[PDB]
$ cat query-v2.txt   # compact mmCIF, N, CA and C atoms
# COMPACT_ATOMS: atom_id res chain seq x y z
N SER M 2 14.90 -8.19 15.01
CA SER M 2 15.01 -6.75 15.19
C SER M 2 13.94 -6.23 16.14
N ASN M 3 13.87 -4.91 16.27
CA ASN M 3 12.83 -4.28 17.07
C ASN M 3 11.52 -4.30 16.29
N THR M 4 10.48 -4.87 16.90
CA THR M 4 9.20 -4.97 16.21
C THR M 4 8.48 -3.63 16.18
N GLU M 5 8.84 -2.71 17.08
CA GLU M 5 8.35 -1.34 16.97
C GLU M 5 8.99 -0.63 15.79
N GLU M 6 10.23 -0.97 15.46
CA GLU M 6 10.88 -0.39 14.29
C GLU M 6 10.32 -0.99 13.00
N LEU M 7 9.98 -2.28 13.03
CA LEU M 7 9.47 -2.96 11.84
C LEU M 7 8.09 -2.45 11.45
N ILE M 8 7.32 -1.97 12.43
CA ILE M 8 6.01 -1.40 12.12
C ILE M 8 6.17 0.02 11.61
N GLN M 9 7.07 0.80 12.23
CA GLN M 9 7.25 2.19 11.83
C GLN M 9 7.90 2.32 10.46
N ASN M 10 8.59 1.26 10.01
CA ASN M 10 9.09 1.24 8.64
C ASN M 10 7.95 1.10 7.64
N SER M 11 7.02 0.18 7.91
CA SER M 11 6.03 -0.19 6.90
C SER M 11 4.88 0.80 6.84
N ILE M 12 4.77 1.70 7.82
CA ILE M 12 3.81 2.80 7.69
C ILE M 12 4.31 3.81 6.66
N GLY M 13 5.61 4.08 6.67
CA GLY M 13 6.16 5.01 5.69
C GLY M 13 6.29 4.39 4.31
N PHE M 14 6.50 3.08 4.26
CA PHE M 14 6.63 2.40 2.97
C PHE M 14 5.30 2.36 2.23
N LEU M 15 4.20 2.10 2.94
CA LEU M 15 2.90 2.08 2.30
C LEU M 15 2.41 3.49 2.00
N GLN M 16 2.91 4.49 2.73
CA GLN M 16 2.49 5.86 2.49
C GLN M 16 3.12 6.41 1.22
N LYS M 17 4.30 5.90 0.86
CA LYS M 17 4.91 6.27 -0.41
C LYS M 17 4.21 5.58 -1.57
N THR M 18 3.85 4.30 -1.38
CA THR M 18 3.26 3.51 -2.46
C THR M 18 1.86 3.99 -2.81
N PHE M 19 0.99 4.15 -1.81
CA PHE M 19 -0.43 4.36 -2.08
C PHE M 19 -0.72 5.78 -2.55
N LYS M 20 0.22 6.70 -2.39
CA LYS M 20 0.01 8.05 -2.91
C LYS M 20 0.44 8.18 -4.37
N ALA M 21 1.17 7.19 -4.90
CA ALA M 21 1.58 7.23 -6.29
C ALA M 21 0.51 6.69 -7.22
N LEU M 22 -0.62 6.26 -6.68
CA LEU M 22 -1.67 5.64 -7.49
C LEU M 22 -2.51 6.70 -8.19
N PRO M 23 -2.94 6.46 -9.43
CA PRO M 23 -3.80 7.42 -10.15
C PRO M 23 -5.29 7.22 -9.87
N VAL M 24 -5.67 7.33 -8.60
CA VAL M 24 -7.06 7.21 -8.18
C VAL M 24 -7.46 8.45 -7.40
N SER M 25 -8.71 8.86 -7.57
CA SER M 25 -9.25 10.01 -6.87
C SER M 25 -10.19 9.52 -5.77
N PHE M 26 -10.87 10.45 -5.11
CA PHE M 26 -11.87 10.10 -4.11
C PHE M 26 -13.22 9.75 -4.71
N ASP M 27 -13.58 10.35 -5.84
CA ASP M 27 -14.88 10.07 -6.43
C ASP M 27 -14.83 8.87 -7.37
N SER M 28 -13.64 8.38 -7.68
CA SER M 28 -13.51 7.20 -8.52
C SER M 28 -13.38 5.91 -7.71
N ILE M 29 -13.02 6.01 -6.43
CA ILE M 29 -12.93 4.83 -5.58
C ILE M 29 -14.12 4.73 -4.63
N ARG M 30 -14.95 5.77 -4.54
CA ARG M 30 -16.20 5.67 -3.81
C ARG M 30 -17.14 4.67 -4.48
N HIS M 31 -17.31 4.78 -5.80
CA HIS M 31 -18.31 3.98 -6.49
C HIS M 31 -17.70 2.76 -7.17
N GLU M 32 -16.59 2.95 -7.87
CA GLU M 32 -15.96 1.84 -8.57
C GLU M 32 -14.86 1.24 -7.72
N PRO M 33 -14.80 -0.09 -7.57
CA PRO M 33 -13.72 -0.70 -6.78
C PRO M 33 -12.36 -0.55 -7.44
N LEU M 34 -11.33 -0.83 -6.66
CA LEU M 34 -9.97 -0.79 -7.17
C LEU M 34 -9.71 -2.05 -8.00
N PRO M 35 -9.21 -1.92 -9.23
CA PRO M 35 -8.85 -3.10 -10.01
C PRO M 35 -7.67 -3.83 -9.40
N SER M 36 -7.63 -5.15 -9.59
CA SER M 36 -6.61 -5.97 -8.97
C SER M 36 -5.23 -5.78 -9.59
N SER M 37 -5.16 -5.29 -10.83
CA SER M 37 -3.89 -5.11 -11.52
C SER M 37 -3.39 -3.67 -11.47
N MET M 38 -4.01 -2.82 -10.66
CA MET M 38 -3.52 -1.47 -10.47
C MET M 38 -2.39 -1.40 -9.45
N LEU M 39 -2.26 -2.41 -8.60
CA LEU M 39 -1.15 -2.55 -7.68
C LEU M 39 -0.19 -3.61 -8.21
N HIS M 40 1.01 -3.65 -7.63
CA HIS M 40 2.06 -4.54 -8.10
C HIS M 40 1.75 -5.99 -7.71
N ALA M 41 2.55 -6.90 -8.25
CA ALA M 41 2.34 -8.32 -7.99
C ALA M 41 3.08 -8.78 -6.74
N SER M 42 3.84 -7.89 -6.10
CA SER M 42 4.47 -8.22 -4.83
C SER M 42 3.81 -7.48 -3.68
N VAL M 43 3.09 -6.40 -3.98
CA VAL M 43 2.28 -5.73 -2.96
C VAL M 43 1.15 -6.64 -2.51
N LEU M 44 0.46 -7.28 -3.46
CA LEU M 44 -0.64 -8.17 -3.11
C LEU M 44 -0.19 -9.59 -2.83
N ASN M 45 1.07 -9.80 -2.46
CA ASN M 45 1.56 -11.11 -2.08
C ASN M 45 2.26 -11.11 -0.74
N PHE M 46 2.25 -9.96 -0.05
CA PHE M 46 2.85 -9.77 1.29
C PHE M 46 4.34 -10.09 1.29
N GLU M 47 5.06 -9.42 0.39
CA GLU M 47 6.52 -9.44 0.33
C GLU M 47 6.93 -7.98 0.17
N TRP M 48 7.09 -7.29 1.29
CA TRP M 48 7.36 -5.86 1.29
C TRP M 48 8.83 -5.64 1.62
N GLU M 49 9.37 -4.54 1.09
CA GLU M 49 10.81 -4.28 1.25
C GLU M 49 11.28 -4.01 2.69
N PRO M 50 10.45 -3.57 3.66
CA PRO M 50 10.93 -3.71 5.05
C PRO M 50 10.96 -5.15 5.53
N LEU M 51 10.13 -6.03 4.96
CA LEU M 51 10.08 -7.40 5.46
C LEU M 51 11.08 -8.30 4.74

$ encode --input "query-v2.txt" --output "structure tokens"
Amino acid sequence: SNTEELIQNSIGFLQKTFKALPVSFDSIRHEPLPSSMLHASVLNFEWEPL
């Protein structure tokens, strides 16, 4: 497919995912993100545009 289209898909896909997280700005400044707060396919590089 068009690789310009494949990039423009995954910018919108990650923008939907990362805004659904229950993290604030003052909670991720000091404390790191836990590994189990994201899905098991997000951290395995199998995304629905891909």

$ select_by_dssp --input "query-v2.txt" --residues "range 6-49 of chain M" --states "helix (DSSP H, G or I)" --output "list in words"
residues 6, 7, 8, 9, 10, 11, 12, 13, 14, 15, 16, 17, 18, 19, 26, 27, 28, 29, 30, 31, 43, 44 and 45 of chain M

$ residues_around --input "query-v2.txt" --residues "range 36-39 of chain M" --least-positions-apart "3" --cutoff "9 Å" --atoms "only C-alpha atoms" --output "list in words"
residues 19, 22, 23, 42, 43 and 44 of chain M

$ write_last_selection --input "query-v2.txt" --atoms "N, CA and C atoms" --output "mmCIF file, in the frame of the given file"
data_model
loop_
_atom_site.group_PDB
_atom_site.id
_atom_site.type_symbol
_atom_site.label_atom_id
_atom_site.label_comp_id
_atom_site.auth_asym_id
_atom_site.auth_seq_id
_atom_site.Cartn_x
_atom_site.Cartn_y
_atom_site.Cartn_z
ATOM 1 N N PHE M 19 0.990 4.150 -1.810
ATOM 2 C CA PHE M 19 -0.430 4.360 -2.080
ATOM 3 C C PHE M 19 -0.720 5.780 -2.550
ATOM 4 N N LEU M 22 -0.620 6.260 -6.680
ATOM 5 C CA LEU M 22 -1.670 5.640 -7.490
ATOM 6 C C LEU M 22 -2.510 6.700 -8.190
ATOM 7 N N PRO M 23 -2.940 6.460 -9.430
ATOM 8 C CA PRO M 23 -3.800 7.420 -10.150
ATOM 9 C C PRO M 23 -5.290 7.220 -9.870
ATOM 10 N N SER M 42 3.840 -7.890 -6.100
ATOM 11 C CA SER M 42 4.470 -8.220 -4.830
ATOM 12 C C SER M 42 3.810 -7.480 -3.680
ATOM 13 N N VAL M 43 3.090 -6.400 -3.980
ATOM 14 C CA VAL M 43 2.280 -5.730 -2.960
ATOM 15 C C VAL M 43 1.150 -6.640 -2.510
ATOM 16 N N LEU M 44 0.460 -7.280 -3.460
ATOM 17 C CA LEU M 44 -0.640 -8.170 -3.110
ATOM 18 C C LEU M 44 -0.190 -9.590 -2.830
#

$ atom_distance --input "query-v2.txt" --atom1 "atom N of residue 4 in chain M" --atom2 "atom N of residue 45 in chain M"
22.1 Å

$ atom_distance --input "query-v2.txt" --atom1 "CA of residue 49 in chain M" --atom2 "CA of residue 35 in chain M"
22.7 Å

$ closest_residue --input "query-v2.txt" --among "M:18, M:7, M:27, M:33" --to "residue 51 in chain M" --atoms "only N, CA and C atoms"
M:7

$ atom_distance --input "query-v2.txt" --atom1 "CA of residue 47 in chain M" --atom2 "CA of residue 13 in chain M"
15.4 Å
